[PDB]
């Protein structure tokens, strides 16, 4: 490795070649690996699940890229191929970065409900929390629909009222 630990992200002026898109095939693959691995870490460490591409372009070190639009579209394409990312919709303006899948979210949420003594949960009560483990309270509404389905399917919950996204927690031990 030319550089280690994404040290190029910490001081962009010292590593300016990391901010130009390379044109040679070999160089471009290795650049893309570095930025794709970085961007996955940046979302995970910031416990962020989604964000518009224009907002991403205002954040260090993405803010130092030349051809921001073209550089992000190829990084995102790479994260999609590696099964860590999806665009949010057909307008291709925002991305959803899956550094954790729904099956793991469902255990994080179940364990938190047990540890906090809750016997029922609603979507509203979760999204109105002051804070939560790994910012689960910030997951998009569609992700909650799927997480609650998983909890019910897996016998860890049952529906009190599904049209209100309201579940009862089922106890095992």
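Residue numbers count along the first chain shown, from 1.
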Please compare 113-121 with 144-152 and say which has the higher mean C-alpha temperature factor in the record. 113-121
Entry B factor averaged over C-alpha atoms, 40-48 against 60-68: higher for 60-68
Residue with maximal Cα B-factor (values as given in the PDB entry) among 90, 96, 100, 82: 90
Looking at the C-alpha B-factor of residue 165, is it in the lowest, middle or highest third of its chain? lowest
Would you check the entry's CA temperature factor for residue 53 and let me know if it's in the chain's lowest, middle or highest third? middle
Name the third of the chain's ranked CA B-factors that contains residue 26, choosing lowest, middle or highest. highest
Lowest, middle or highest third - CA B-factor, residue 171: highest
